[PDB]
Structure formats: structure tokens, C-alpha cells
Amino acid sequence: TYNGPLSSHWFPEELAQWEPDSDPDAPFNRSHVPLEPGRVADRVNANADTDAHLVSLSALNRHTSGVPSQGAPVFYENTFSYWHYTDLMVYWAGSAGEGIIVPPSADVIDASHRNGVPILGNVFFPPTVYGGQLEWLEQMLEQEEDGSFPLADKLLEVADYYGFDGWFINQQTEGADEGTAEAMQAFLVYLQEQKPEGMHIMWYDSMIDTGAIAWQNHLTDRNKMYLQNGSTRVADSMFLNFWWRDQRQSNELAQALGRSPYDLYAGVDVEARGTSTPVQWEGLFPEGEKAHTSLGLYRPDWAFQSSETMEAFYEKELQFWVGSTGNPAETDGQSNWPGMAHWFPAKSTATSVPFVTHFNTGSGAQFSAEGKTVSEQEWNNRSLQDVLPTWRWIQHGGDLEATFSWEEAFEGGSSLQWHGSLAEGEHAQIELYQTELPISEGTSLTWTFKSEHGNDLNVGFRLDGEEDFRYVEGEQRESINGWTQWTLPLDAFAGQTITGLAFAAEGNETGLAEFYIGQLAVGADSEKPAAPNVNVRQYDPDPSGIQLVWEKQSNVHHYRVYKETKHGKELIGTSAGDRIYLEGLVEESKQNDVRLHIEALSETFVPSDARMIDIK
């Protein structure tokens, strides 16, 4: 029975009255990681091109209700890692039983934003069979004498306060009349007029001009007024329903309306079968012509729901997003499932120095700091997911496999494992990231790893204007709790820009190699953050609990909360916000004294002195 703060969900009547200041959970649901602009694209796949976009409609949380605001002590959680092939994320949620207006949770907003992916909340008018009520639709479409739409106003207020990038509007309730159809168009137009620049409103191909639910599976005369009405912009995009074999007609109508065909996202329903979903790909990506429209994936979270282990889940996501060759540079156009990498370049937000990754997948079986366990408990906190490799996977040489590991970690719960056979004297390379990182005096490459058979691990970097990677030995070594950290100063390359990062190794007499790679960074020396200014506050809904609230600090990636025990300290929470809820400490403080230590970790993972807090 969890009594901590939960991610929000509303019915219209609740939303109408919503105010951040009177919702004790609202501060916990705000994302503090802004949408990263300026992603850069790769070019490894000769079939992929730059016209079409990709939206994912993903149940990043399996349920709408009961989602803790900032993570939970559960390893098996949906730690989606293919942000690099998405242009837009729709948070899939909403139900007649729980609530029909659902913002994305803060943890997944942060992950999406770290990767430069805009993420939308959901407005779901359900089919009558699943409890849908026309009443809810009519409520949302109420218009003042203004004639503003107060519920639209609230949608914009929610997006602004929580920090996400718009809304996906899905009208599946039957019985709507033409008046209701017109009111919906007005509501959408009002959003266009009032929303901030950059905000995206996506409409589902369902309710037509008459109000009837009649999915078109294309942009047609019956639904085009929900996208563009003459000179009036109605929506930023349309998600097309699944029953199509060709999208040429949508492309043509889009052009006729003066809209990009790539604002239409042709739906594919992958929920049940994932990569075994039959799709007539040529109807979307014609031979020798531009893609007809963009692509919309409905429920690629199939990889998570149809699996029971983190390993099987990650393997399925690779099969889905990269395809059965397991190499995004080399895809099979004859396959029933060529993979998303066959059509879409991978994008990267490794475009600012310092670029830092610890290959944190956003959950773990245990939590480590500097290679030592600080919590034995399962955890997920997708605000801690790092920017993960652009390429899953590209190697040259040797007989090695690359996978994430949840058995070895330097910071967090995971590392990159690179392992298999490597003959004496042979070399192997693994290319991981597309980047755009300017090198200055004082910039260095650092990387931290374990090597079970004793092979050193060299770093690779590619420079703008060169096609080949430069593989180079580490210069300055430090051993940290069994891990080796190399530093390679890059001053000789000042004025240059790194466009790729990689690793390389040479085989030794054992003929085997087994690396765990726990950290990689391009960046300079930076001061420790100040100890956070922390206050203990009540969390009204739970007398037995507390919240810690600190002042915002610049350049702090996240906060760690440690508790003193007889056993030594224990990590009891992480936060990438301005606070964290902690259960049980009120109770515990009656039996014994509770001392907490809160650290701020900088963007280069330099910890502050801890703030020590007493609870008596």
C-alpha cells in the first residue's frame, strides 16, 4: 500500500478545477529536464532517409493510475531505449475507470527530453463499450462567451507546469452529432491559437465531419478539417488508423491542402505481435520515391508487455527497432520486418560538452556508486536513464557480443558488456555514438571499465572531416573499486569537433575478452556543486512520510539521499527534481534517530559535500 505522490490523471470536471498549489502531488510530477534541442542524425543506413518522421504511442507505464511520481523499487519497468529513432512520443494512457486526461509522468518526460524527443499527454474519449461517455466530450468542448475553451486552457496550463510538449487527442466515443464535430474543430483551432510555439497537438483519425466515428485510414475529405481548413491550421498532425495498404492518396491530399505529408502518421498496430505484425511497407515507403507519409507505431511497448525479464525485453526492442540483422547499418529490405533503422536515421543529443554517460538504462537490480553497491534493492528511475548508444550494434573484428549488463555497474544499475572471443593479436572495434562535440583546451576523454581477461580497453573518436575513427590508448590511469578509469587529454585537437565515439581492444593469449563499460565522457574539469539547501517538509496525504525540498542548483544532474544504518549508509532515494518523498521516516524516528545525507551530483558526476539532515 503505497502512500507517496502519484502521477496525475483527471476527468474533465476534475481538470476544470485543477490548480498546482492545491494538489500536494503536483510539485512531484514536474519535469525539470528541458527538451534538448538540436539532435544530430547518423548516416549509417543507405536505405534510410530524412523526409519521414516517426511517432510512438507507447504505454511507458502499464497503468494510468497508481504510478509513483519519480520512480519505484521495481527493476522490471518499461525503460524504453530507442528514443534515437523517434521524433515524437505519445504517452499512452487514459481509461473510463481512471481518468481520460493523462499527462506523462515526470520520469519519462525527463528521459524523452534528454534525448530531444517531444512527449505528449493523452486526452482519451473512450469507445462506449469501454465506458466512454459523451458527457466527457461535451464537458471538454464547453465554450465561454469569450469564446475561450476553459478546458483547453487547462490542458495548456498542465503542459506548461509539468513541462511537456503538447497533447494527443483521441475521440473514440460514438454518438457525437455534427454540432459536436464543429465544436471539436473549434477547440482544436483554439489550441493552435493559444499554445506556445513548439507545442504539438496530434489528432486521431476517428471522428469525421458528421460527428460519426468513421476511421478513414487515410487523410480524406471526411477528416481533413481536423488538420487544416483552408488557411486555418486545426492540428499539427494526424495519426491515421491502421486499415490501409497504400498512403499515396494521403500524400496527395496533404500537398493539395498545403500541408506536409509528413504531418500524417500512418498507423501500424504492433501491440499483439510486435515484429510479426504484417505491414505492407511499400504502401508507405514506395520503391524509388519519397516516403508517402510519416509512420505511427501503436504500442511498441509490446517488447515490455510480452516479456518477463529485462534481458528478453531489451532483446525484443533491438529486434523491433534495429531488425533481425542486429546491425542498423546493414538491414534486410526483403524481411517482413526490416526494422526501423531501415527507414529512419538514428538521432543523438550528444551535441554539447560535457557529454557524460554511465550506460544507465533507468532501472536496476541494485544501485552502485563508484563501483560499490550502495543499495541492494531493485529500483527504477527513468530520470536517471542516460543517453544510450546510437548504434545497437556496430562492430568490426573479433567474435564479441554487445549487450547491457545489470550485474555490473559503476554508477547506477547497469553497464555496457562487450564480450566473447578475440584471438591473440586480433583487433576489434565497437562504434557507439554519433556526436557533435567541440574540443577545446582542457577537454579530455575519460572512460571506466573492467576487463576480465586483462585486455586493455582503448577509446575511439571520429573527427569532423574524417571518415575513420582514431583509436588511442589511455594516458592517465586511476583504479576505483576494481574499475579502471583512463583519461586522455584532447588538447592537441582543440578547435576540432568529435563526431563519433567508439572503443577498441586487442586480443591476448587467453583468446577471450569480457569488458564491462561503466562510464564514458568528453569534457573538462568542473567544480563540485554546493551542498544542497534542504528542508524537511510535511507531505499532507501521508503523515507517516516526509518530503525533502531543496533549492534549484545549476549544473546538477541528480540528487542522492543516504540514510545512516548500523550497517553503514544506505541509498534510500534519487531525484532529478527539487524534492523527494520518503516513506516511514516519521515512524522510524520514534524508535531511533534518523540521519540523512543528501548529495548533489554534477553533470560530470562530481558529488557535492553531503547536506546532513536530522529527524528526531
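In this text, residue numbers run from 1 along the sequence as written.
In this crystal structure, the stretch out of 22-30 and 57-65 whose C-alpha atoms carry the higher mean B factor is 22-30. Between the stretches 581-589 and 557-565, it is 581-589 that shows the larger average CA temperature factor. Considering 458, 128, 481, 115 together, the PDB entry gives 128 the largest C-alpha B factor.
As recorded in the entry, 549 carries the highest CA temperature factor of 35, 549, 44, 576. When the modelled residues of the chain are ordered by C-alpha B-factor, residue 212 sits in the highest third. When all modelled residues of the chain are sorted by CA temperature factor, residue 166 is found within the lowest third. Sort the chain's modelled residues by C-alpha temperature factor and residue 87 lands in the lowest third, per the entry.
Among the modelled residues of its chain, residue 470 has a C-alpha B-factor that falls in the middle third according to the deposited record.
Sort the modelled residues of the chain by CA B factor and residue 96 lands in the highest third.
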